[PDB]
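Only one chain is given next, in structure tokens, and it is the form deposited in one PDB entry.
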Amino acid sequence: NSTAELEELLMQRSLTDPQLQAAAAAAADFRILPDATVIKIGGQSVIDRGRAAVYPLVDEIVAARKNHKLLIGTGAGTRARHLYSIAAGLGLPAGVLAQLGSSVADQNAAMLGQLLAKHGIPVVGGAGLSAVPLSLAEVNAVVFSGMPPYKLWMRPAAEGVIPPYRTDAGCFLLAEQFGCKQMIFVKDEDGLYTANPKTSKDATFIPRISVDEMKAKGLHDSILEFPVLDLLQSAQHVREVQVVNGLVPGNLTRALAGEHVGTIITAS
């Protein structure tokens, strides 16, 4: 493998050529924002719950940015589920539903950003490229909407018209693209259980598990979107994620301090 041989393959072969793909895999690996942490604030699990849930998390965010650089993405929630139900009943395809869901995540980012504006944290449309606020100790954080940009080009699921890549996938792909050091999902449960804790009374807590172990036990589609677990196994920079309960006071602060709250999900 050399630069001259990679360039020749890049000019003479199709991008589908296995020899070209193997040579490109040996290229150097640059991390764009290696010191940042990506956090996703749940839409249905947090923001939809109002003041009792959002106000304590705003306080944690303001206190955490003194020592941690943060990229804060927002989920969608029940308003997106209402839009999905209307559009699916009309027979509209997944690409149309993807655009409808992005507007709800934009709503939630705007509400969160107005609570953080007096602390200097802005809402951005390009978080990984918002270099100035992430570099200032006076700011050190940004808020963004978590939906992916696929719009009508959204890849549909095997069955149904619900977009398979939503706010969980959008936030994770940001963390992977910019080479961040940590990805934290903020939900309304302590973590991953052997069954749905809301509809089952004997679910057992799982502190740590790999993606392969989740699939062999029917847990592929539970606390996280099942497509994001497959993205995790293919990732280059972010090889594990953490899911914590945002309704517990200080849980986000303790997770940023390296405490093993919640569930850790590893790619391998």
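Shifts are known only where both forms have a C-alpha. Each residue number is its position in the shown sequence, starting from 1. We call the rigid core the largest set of C-alpha positions that still match within 1.5 Å between the two forms.
Novice: Going by the average Cα B-factor in the PDB entry, point out whether 210-218 or 234-242 comes out higher.
Specialist: Averaging CA B-factors over each stretch, the winner is 210-218.
Novice: Mean C-alpha B factor from the entry: is it higher for 198-206 or for 53-61?
Specialist: Comparing 198-206 with 53-61, the higher mean C-alpha B-factor belongs to 198-206.
Novice: Of the three thirds of its chain by CA temperature factor, lowest, middle or highest, which one includes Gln177?
Specialist: It falls in the bottom third of the chain.
Novice: Among all modelled residues of this chain, ranked by Cα B factor, put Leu71 in the bottom, middle or top third, i.e. lowest, middle or highest.
Specialist: Lowest third.
Novice: Lowest, middle or highest third of the chain for the C-alpha temperature factor of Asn140?
Specialist: Middle third - that is where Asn140 ends up once the chain's C-alpha B-factors are sorted.
Novice: Comparing against every modelled residue in the chain, figure out the third that the C-alpha B-factor of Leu129 lands in (lowest, middle or highest).
Specialist: Tercile = highest for this residue's CA B-factor.
Novice: Taking the values exactly as deposited, rank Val38 by C-alpha B-factor within its chain and report the matching third: lowest, middle or highest.
Specialist: Tercile = lowest for this residue's CA B-factor.
Absent from the display: the form deposited in another entry. The rest refers to it.
Novice: Superpose on the rigid core and name the single residue from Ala117, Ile86, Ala131, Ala195 whose Cα moves by 2 angstroms or more between this form and the one not shown.
Specialist: None of the others reach 2 Å, which leaves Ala131.
Novice: Between the shown chain and the other structure, the Cα gap of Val186 to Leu134 differs by 3 Å or more. Is it closer or farther in the other form?
Specialist: Between the C-alphas of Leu134 and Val186, the gap widens in the other form (3 Å or more compared with this form).
Novice: Quick one: in the other form, is the Cα gap between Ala94 and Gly126 smaller or bigger than here? Answer closer or farther; it shifts by 3 Å or more.
Specialist: Relative to the shown form, the pair is closer.
Novice: In sequence order, what stretches of at least three consecutive residues shift by 2 Å or more at the Cα level between this form and the one not shown, with the rigid core held as reference?
Specialist: After superposing the rigid core, the only shifted stretch between this form and the one not shown is 126-138.
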